[PDB]
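What you see below is based on every heavy atom in this structure, not just the backbone, and it leaves out hydrogens, waters and symmetry mates. Residues: numbered from 1 along the sequence shown. We count ligands from 1, going down the list as the structure has it; atoms in each ligand are counted the same way.
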Amino acid sequence: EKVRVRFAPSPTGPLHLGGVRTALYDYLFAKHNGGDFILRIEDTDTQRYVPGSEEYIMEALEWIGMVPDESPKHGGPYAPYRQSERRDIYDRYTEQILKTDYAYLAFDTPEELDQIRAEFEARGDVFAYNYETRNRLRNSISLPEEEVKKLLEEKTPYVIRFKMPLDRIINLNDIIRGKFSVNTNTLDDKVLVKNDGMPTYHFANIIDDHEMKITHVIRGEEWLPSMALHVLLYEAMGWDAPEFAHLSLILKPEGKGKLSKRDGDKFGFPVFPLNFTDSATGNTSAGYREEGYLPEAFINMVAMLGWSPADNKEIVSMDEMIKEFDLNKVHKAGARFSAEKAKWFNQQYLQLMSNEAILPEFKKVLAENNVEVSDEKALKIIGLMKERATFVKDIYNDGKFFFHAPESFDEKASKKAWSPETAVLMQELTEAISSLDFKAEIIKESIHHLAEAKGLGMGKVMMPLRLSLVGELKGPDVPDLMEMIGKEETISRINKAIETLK
Ligand SMILES: N[C@@H](CCC(=O)O)C(=O)O
């Protein structure tokens, strides 16, 4: 039995982190076992359809590097991979289940069901269509066969419901959650086929998991209360159920409850892998991608929300995750999201990149800001800035003094770094460096020689010099800054500082 898993999102909007993590654990489990990773688009509910969802899903999976072996876009041996295109399949299996005792016809109109729901509510009760109520309602169990024929002949709309067994203990086994039991008298007669012949999610999914030879169903815990019904649908069809693994919801950074988009808005962190623009507002929610997260760092971060790399390394690549991943070690306890941790991962991955690997994106940033520098200087600037960077764009945004002279000087910094003797000192410094081979270490030695001839610590020259070149006391070491911007730009900035601050 070749392992086969499917990511089965409905097209109802952008992928949340929980959905990315489910797709990832699908992919890892499949690849770890030499099996197949299927994408099935679960679009049976036409009214909940969100335009652009399916494109977003393909694009996010491609960005992260987990392309489905089978999908609507790519094809595969169980095409069509959109459920809206599988109606003939569901039609034939509907006929099959109606030959059993597990399904029946229900003619109740939505107004009739609204009425009985309101009667229960008024009493403090919740109406369920189940073993206790089905005999007072309008269906093929409660109505004589000749009346059912009459209704059918008149084209009376109906749904198909599952007939829950009476008082039956269903013993279930989940890879994550372990063993537990459900009595069917807690469950209702769920709708399996809507009144247009389209299956509901529950029926379409056991039909398609059976037809697509799925061996392991990995999904979120919101589906756990449905597992008993799904096992009983396999039983009704004469089929063996796959194995199940239910993932606990990602928790808020702080306080009780699940992570939501409202948290990311409220605290300033992205919630979707890629940009997405809401139709109903025109608003665009920026993705991790567009904010500068590397996909390798993003997916490493998502992987850790419930899985501990068996080798104890925090930093792990896609291919090492494939080799290491054990679905049996995925934790049942919920994992808290951490925006700081996501930034930490990006910073860690950025340090592991060579200056050359950063250089293409750095040049794109430089171009967007209308600046140019030689490849050789850009690589040195990347080297000098990358340790303190989280995103490639930080190398420019926090390093603007490499490309732009200061137009003013921070008042606090000026009081600290610039004294009534500083002007004369900086002009002497200009005279010293004007004849140098303008290399960092040579510059540093020349500054040291001026300091010791004047009886000063290094800081007495370096601090006003940094202020002169940067406009505040930020940046990397002054001699390397000077080498990058060059002799002419260095002197020109010392001159402007003298003219401004003496
Ligand atoms: N369409 C369902 C699929 C659940 C499953 O994997 O069975 C969802 O979006 O959650």
Side-chain angles (χ1 to χ4, degrees), residues 3-30 35-46 49-50 52-58 60-61 66 68 70-72 78 80-86 89-90 162 172-177 190-194 198-234 237 239-250 259-261 272-273 276 306 327 330:
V3 164
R4 290 178 50 82
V5 304
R6 76 298 186 283
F7 184 49
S10 63
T12 62
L15 279 181
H16 300 249
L17 278 192
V20 172
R21 188 192 54 189
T22 293
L24 176 61
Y25 291 171
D26 280 321
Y27 180 77
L28 295 186
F29 186 70
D36 310 319
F37 172 44
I38 288 87
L39 170 66
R40 183 173 68 229
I41 292 292
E42 291 222 343
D43 59 340
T44 58
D45 188 340
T46 317
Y49 173 80
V50 172
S53 290
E54 172 175 339
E55 291 82 356
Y56 186 101
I57 291 157
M58 290 309 299
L61 294 177
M66 55 197 184
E70 301 172 27
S71 73
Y78 304 102
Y81 287 89
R82 302 193 179 91
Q83 295 188 314
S84 62
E85 300 175 7
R86 293 175 71 79
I89 294 168
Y90 307 132
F162 183 81
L172 296 163
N173 187 21
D174 190 80
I175 292 161
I176 304 312
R177 296 288 280 263
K190 190 79 48 171
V191 172
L192 303 177
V193 187
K194 294 179 303 191
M198 176 78 87
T200 61
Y201 157 80
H202 301 289
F203 197 33
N205 278 229
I206 69 97
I207 286 169
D208 289 337
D209 286 350
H210 178 69
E211 293 298 299
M212 289 180 183
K213 310 211 164 266
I214 300 299
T215 62
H216 297 75
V217 173
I218 303 164
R219 60 194 187 195
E221 65 173 327
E222 70 272 16
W223 293 116
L224 201 60
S226 289
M227 194 178 160
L229 168 67
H230 295 175
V231 167
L232 285 170
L233 287 164
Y234 282 102
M237 301 303 285
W239 296 340
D240 295 319
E243 296 189 57
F244 295 83
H246 281 79
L247 304 167
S248 300
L249 292 180
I250 304 166
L259 185 72
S260 68
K261 176 185 201 288
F272 306 128
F276 180 74
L327 184 64
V330 168

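Annotation for ligand 1: atoms under 4.0 Å from non-hydrogen atoms of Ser10 are 1 (N), 9 (O). Near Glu42, with a cut-off below 4.0 Å to any heavy atom, the atoms of ligand 1 are 1 (N), 2 (C), 3 (C). Near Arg219, with a cut-off below 4.0 Å to any heavy atom, the atoms of ligand 1 are 5 (C), 6 (O), 7 (O).
The protein non-hydrogen atom at the shortest distance from atom 7 (O) of ligand 1 is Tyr201 OH, 2.6 Å. Atom 6 (O) of ligand 1 has its closest protein heavy atom at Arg6 NH1, 2.9 Å. Atom 8 (C) of ligand 1 has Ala8 O, 3.7 Å as its closest protein atom, hydrogens excluded (heavy atom only).
By the 4.5 Å heavy-atom criterion applied to side chains, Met237 and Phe203 are counted as neighbours. The shortest distance between side-chain heavy atoms of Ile41 and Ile57 falls below 4.5 Å. The side-chain heavy atoms of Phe244 and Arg177, taken from C-beta on, include no pair separated by under 4.5 Å.
For the residue pair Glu70 and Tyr81, a side-chain donor N or O sits within less than 3.5 Å of a side-chain acceptor on the partner.
Residue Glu222 has no nitrogen or oxygen atom sitting less than 3.5 Å from a nitrogen or oxygen atom of ligand 1, judged on distance alone.
Taking the six-membered ring where the residue is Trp, the centroids of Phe162 and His230 are separated by 6.0 Å or more.
Contacts between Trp223 and ligand 1, counted as non-hydrogen atom pairs separated by less than 4.0 Å, involve the side chain only.
Every side-chain contact (heavy atoms from CB on, under 4.5 Å) that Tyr90 has, sequence neighbours left out, goes to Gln83, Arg86, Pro199, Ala204, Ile207, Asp208.
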